[PDB]
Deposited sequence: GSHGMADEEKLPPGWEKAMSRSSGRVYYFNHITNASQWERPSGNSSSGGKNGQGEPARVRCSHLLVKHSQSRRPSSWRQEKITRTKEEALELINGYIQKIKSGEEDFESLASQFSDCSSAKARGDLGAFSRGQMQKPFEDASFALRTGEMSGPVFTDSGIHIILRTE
């Protein structure tokens, strides 16, 4: 399997699924390194973020747990097709890149926080991470190139 990917057993169904310990992605289907990738993301900050403040909210007070729960609700909507990533990023990302539908542009290794970068570079083009934790907060990352 590619970098990060492990086979696991589901504990509701007993069906095999796959999970990625670098991106926190998980999926039923079996999954199919570049110099630069291009990603967008949605950031939900919490009271222990390095900078507990954003364009949406001057003093961010939510707990880490509550941020994770928001992140999980967004992943659910994006995966059900109920909302698209860009539309949730624009409305709800605590990063100022919300204004560009979460787009960060292209970047190479050596530029981002390591857990963000690792996840970015382990995604395939088109793929979305699960919850990725950095000192900024909790992200959903979409690799777009």
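In this chain, the deposited residues that lack C-alpha positions fall in the ranges 1-10, 43-54.
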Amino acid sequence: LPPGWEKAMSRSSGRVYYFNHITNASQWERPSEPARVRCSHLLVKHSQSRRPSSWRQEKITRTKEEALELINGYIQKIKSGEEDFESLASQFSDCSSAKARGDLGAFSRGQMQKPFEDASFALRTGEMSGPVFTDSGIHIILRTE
From here on, numbers count along this sequence of modelled residues.
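Per-stretch averaging of Cα B factors for 133-141 and 12-20 places 12-20 on top. In this entry, 47-55 shows the higher mean Cα temperature factor of the pair 63-71 and 47-55.
Between the residues 38, 79, 41, 30, the entry's highest C-alpha temperature factor is the one at 30.
Within the selection 120, 97, 91, 113, the deposited Cα B-factor values reach their highest point at 113. Residue 102: CA B factor lies in the lowest third for its chain, per the PDB record.
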